[PDB]
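Visitor: I am attaching a structure below and will ask some questions about it afterwards.
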There are 2 protein chains.
Amino acid sequence: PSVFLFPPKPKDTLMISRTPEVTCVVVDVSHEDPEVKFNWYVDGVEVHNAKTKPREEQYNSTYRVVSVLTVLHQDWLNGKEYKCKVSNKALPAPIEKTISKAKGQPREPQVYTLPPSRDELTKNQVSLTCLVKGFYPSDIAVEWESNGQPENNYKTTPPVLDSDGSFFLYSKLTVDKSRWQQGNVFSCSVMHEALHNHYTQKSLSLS
Amino acid sequence: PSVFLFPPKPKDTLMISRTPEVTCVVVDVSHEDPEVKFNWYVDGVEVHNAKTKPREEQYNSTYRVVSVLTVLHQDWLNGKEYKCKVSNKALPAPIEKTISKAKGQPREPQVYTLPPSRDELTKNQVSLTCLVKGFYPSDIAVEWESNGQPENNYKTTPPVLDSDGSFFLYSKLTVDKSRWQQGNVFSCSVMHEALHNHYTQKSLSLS
Ligand SMILES: *[C@@H]1O[C@H](CO[C@H]2O[C@@H](C)[C@@H](O)[C@@H](O)[C@@H]2O)[C@@H](O[C@@H]2O[C@H](CO)[C@@H](O[C@@H]3O[C@H](CO[C@H]4O[C@H](CO)[C@@H](O)[C@H](O)[C@@H]4O[C@@H]4O[C@H](CO)[C@@H](O[C@@H]5O[C@H](CO)[C@H](O)[C@H](O)[C@H]5O)[C@H](O)[C@H]4NC(C)=O)[C@@H](O)[C@H](O[C@H]4O[C@H](CO)[C@@H](O)[C@H](O)[C@@H]4O)[C@@H]3O)[C@H](O)[C@H]2NC(C)=O)[C@H](O)[C@H]1NC(C)=O
Ligand SMILES: *[C@@H]1O[C@H](CO[C@H]2O[C@@H](C)[C@@H](O)[C@@H](O)[C@@H]2O)[C@@H](O[C@@H]2O[C@H](CO)[C@@H](O[C@@H]3O[C@H](CO[C@H]4O[C@H](CO)[C@@H](O)[C@H](O)[C@@H]4O[C@@H]4O[C@H](CO)[C@@H](O[C@@H]5O[C@H](CO)[C@H](O)[C@H](O)[C@H]5O)[C@H](O)[C@H]4NC(C)=O)[C@@H](O)[C@H](O[C@H]4O[C@H](CO)[C@@H](O)[C@H](O)[C@@H]4O)[C@@H]3O)[C@H](O)[C@H]2NC(C)=O)[C@H](O)[C@H]1NC(C)=O
Ligand SMILES: [Zn+2]
Ligand SMILES: [Zn+2]
Ligand SMILES: [Zn+2]
Ligand SMILES: [Zn+2]
Ligand SMILES: [Zn+2]
């Protein structure tokens with residue numbers, strides 16, 4: 001019997017309209033003695049609002065049981081600790097796992113948009129670059145928009161640890177050169193805990 | 001046998017030149033079986049640089065033992081967790097205590113200086129007021145200075161929880177009216193984790 005404790009989806013923690021949840025999964029439950037009890041604690045205080053699902057048999061003759069605890073937007077961002085305790089008559093002691101948001105002093109990202117390189121302006125499609133740097137912790141979301149619609153022809157690098165202990169990344173949006181020359185406004189949209197309302201956007205256009 | 005785990009002095013965490021330390025104290029050690037072992041962990045990783053003092057007998061026929069772990073300035077501010085584990089042959093299991101810096105999103109104080117009330121200007125001594133508001137967490141240090149020397153005739157209120165979840169306080173420095181009228185410059189000096197370099201000062205003078 002092993003326990004895995006998963007954090008909420010990062011975007012779910014940065015948008016007050018969403019519902020972040022922590023997920024506790026127990027595997028290798030022997031379906032001879034498959035009795036499983038979950039206890040949940042927030043900063044050591046037991047809470048009772050988790051939603052545990054019925055066990056599901058696995059093809060390897062073991063059971064798997066999942067319990068989901070909803071977490072408050074402010075609680076997660078304020079560093080509360082979530083402990084999942086799993087009890088079972090086959091273990092010499094209960095299994096405990098604790099999780100929290102990534103720790104450390106927060107640092108606000110600086111968001112910079114970079115136009116296509118001059119040499120790239122000869123190609124049929126061009127690269128629009130969004131540099132996000134100086135942020136901590138590394139949890140972040142980046143998307144692109146133009147004229148009130150998503151621009152989804154982009155790829156974003158993972159966060160990279162910079163020499164000052166903050167993170168940076170780059171996002172690359174590829175557009176037809178004609179749309180760049182025509183002067184459309186493209187926006188790099190960034191979500192990170194340390195931005196005001198966890199959100200900022202920076203625009204990019206021919207100039 | 002009971003264990004108490006104490007945080008560093010708040011000023012010691014805010015000045016890089018100082019040495020913050022966490023202090024683990026075990027009392028009611030029965031000096032029949034007074035064998036005591038400390039284990040220390042930083043975010044669950046065992047560390048070995050604590051300095052444990054020799055036991056001291058108490059007048060109530062018990063022992064008291066103290067162990068001191070130095071903590072790094074950045075580790076404390078970045079929210080690392082310090083666990084002191086105390087083992088003794090008389091307890092059914094070891095005693096664990098964990099401590100960290102006060103949790104929660106940090107908020108930078110706003111520091112405002114307020115001159116004496118007009119009605120107070122008739123008295124022999126006047127009150128110089130420093131309002132510090134909007135800060136989180138509540139750990140803070142406030143002192144007063146003038147012309148490169150400490151002004152120590154002051155009292156500061158405890159932090160008070162404000163309606164937006166931040167803290168405020170006031171500090172009152174009492175000076176001779178003649179020094180206020182003469183135009184001396186008085187400075188409210190504030191240390192808090194969320195200030196740049198954890199330090200700011202605001203001046204007050206007749207104007
Ligand atoms: C018996 O079978 C058991 C059932 O598994 C079956 O496996 C399939 C491959 C089948 O083909 C078949 O073979 C089996 O029927 C099997 O259980 C497995 O046991 C593994 C350990 O032995 C365990 O491995 C761990 O996996 C962790 C990652 O798990 C995630 O990703 C994998 C895919 O990579 C996926 O299978 C899981 O379901 C997990 O997926 C994540 O789940 C969370 C929780 O729901 C999601 O988070 C939520 O997402 C929602 C939306 O989806 C919301 O956002 C919500 O708010 C969130 O909370 C998350 O999105 C989702 N991600 C993805 C990408 O799907 C590893 O982290 C873990 O690793 C540590 O691992 C070891 C230490 O143990 C070391 O390498 C490292 O130290 C590392 O730190 C570990 O690898 C499997 O997860 C588990 N499978 C399941 C389904 O639970 C069992 O082993 C079998 N027994 C025997 C004896 O064979
Ligand atoms: C047998 O005797 C034992 C020895 O005590 C003697 O008591 C004296 C009064 C004598 O007159 C005589 O009676 C005895 O010989 C006795 O041990 C005591 O046991 C108490 C519990 O039973 C325990 O109470 C706890 O006290 C905590 C506060 O302790 C601090 O403050 C008190 C004074 O208020 C002081 O006595 C302590 O020494 C502690 O002082 C703090 O110590 C820390 C660590 O050094 C300092 O932090 C460091 O400071 C340095 C610079 O100084 C640096 O800054 C460094 O970086 C820092 O880490 C700190 O500065 C210092 N502060 C001060 C102001 O001095 C309470 O927090 C605790 O409370 C919780 O308490 C209960 C739960 O248990 C509840 O009320 C609450 O839930 C609350 O949350 C608790 O009250 C005593 O501390 C302890 N005494 C000592 C000296 O260790 C034992 O009980 C006797 N046994 C019997 C059976 O009678
Ligand atoms: Zn319950
Ligand atoms: Zn913890
Ligand atoms: Zn928020
Ligand atoms: Zn050691
Ligand atoms: Zn510092």
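Visitor: B:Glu35 to A:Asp33: FRET efficiency via 1/(1 + (r/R0)^6), r the Cβ-Cβ distance, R0 45 Å, to the nearest 0.05?
Guide: 0.70
Visitor: Shifting gears a bit: Search the structure for amide H atoms under 5 Å from the amide H of B:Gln58, placed 1.01 Å from N in the peptide plane, and list their residues when 5 or more places away or on another chain.
Guide: Those lying under 5 Å, H to H, from B:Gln58 are B:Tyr63, B:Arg64.
Visitor: Another question about this same structure. Taking only Cα atoms and a 10 Å spring cutoff, compute GNM fluctuations for chain B and point out the largest among B:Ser61, B:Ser166, B:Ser87.
Guide: Of B:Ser61, B:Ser166, B:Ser87, the most mobile in the Gaussian network model is B:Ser61.
Visitor: For a Förster distance of 30 Å, can you work out the FRET efficiency between the beta-carbons of A:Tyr199 and B:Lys103, rounded to the nearest 0.05?
Guide: Efficiency for this residue pair is about 0.80.
Visitor: Straight-line reach only, C-alpha to C-alpha below 16 angstrom: list the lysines that A:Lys37 could link to, leaving out same-chain residues fewer than 8 apart.
Guide: A:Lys51, A:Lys53, A:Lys83, A:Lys85, A:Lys89, A:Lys97
Visitor: Let me ask another. Taking a point 7 angstrom from the Cα of B:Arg179 along the C-beta vector, which residues in the range B:133-151 have backbone N less than 19 Å away?
Guide: Only B:142-151 fall inside the zone, counting backbone N under 19 Å.
Visitor: Here is a follow-up. Can you work out the Karplus-derived ³J(HN,Hα) for every residue in the range A:152-161? Use 6.51 cos²θ - 1.76 cosθ + 1.60 with θ = phi - 60°, whole Hz, and x for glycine or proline.
Guide: Along the range A:152-161, the couplings run 9, 8, 10, 9, 10, 6, x, x, 10, 6 Hz.
Visitor: Considering only the label points, 7 Å along Cα→Cβ from Cα, what distances in nm to one decimal separate B:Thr19 from the same position in each other copy, shortest first?
Guide: 5.3
Visitor: If you don't mind, another one. What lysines does A:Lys123 reach when the alpha-carbon gap must be under 29 Å and sequence neighbours fewer than 8 apart in one chain are set aside?
Guide: Straight-distance partners of A:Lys123: A:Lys133, A:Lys155, A:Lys172, A:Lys177, A:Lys202.
Visitor: Please identify the longest segment of chain B free of exposed GluC sites (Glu not before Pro), where exposed means a DSSP state other than H, G, I, E or B and no more than 15 other Cβ atoms within 10 Å.
Guide: Looking at chain B, B:36-207 is the longest stretch - no exposed GluC sites (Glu not before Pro) with at most 15 other Cβ atoms within 10 Å.
Visitor: So, one more: Subtract the Cα-Cα distance of B:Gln58 and B:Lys11 from 0.36 nm times their separation in residues, and report this length gain in nm to one decimal.
Guide: 13.9 nm
Visitor: Then there is this: Just want to confirm a number: the relative contact order over the range B:115-207, from Cα pairs under 8 angstrom separated by 6+ residues, in percent.
Guide: Numbers: 175 pairs, mean separation 29.6, N = 93.
That works out to 32 percent.
Visitor: Kindly state, to the nearest 0.05, the FRET efficiency for A:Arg18 paired with B:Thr122, given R0 = 51 Å and r defined as their beta-carbon distance.
Guide: After rounding, the FRET efficiency stands at 0.30.
Visitor: Next up: I need the shape label for the protein assembly as shown. Rule: rounded when a/c is under 1.5, else prolate if a/b > b/c, else oblate, with a, b, c from the alpha carbon gyration tensor.
Guide: Oblate.
Visitor: Cut-off 10 angstrom, C-alpha nodes, Gaussian network model of chain B. Which of B:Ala141, B:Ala194, B:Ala93 fluctuates the most?
Guide: B:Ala93
Readers should treat all values here as calculations from the given coordinates under stated rules, not as data from a laboratory. Don't worry about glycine lacking a Cβ; one is built from the backbone with ideal geometry, like all the others, and counts go over all protein chains shown.
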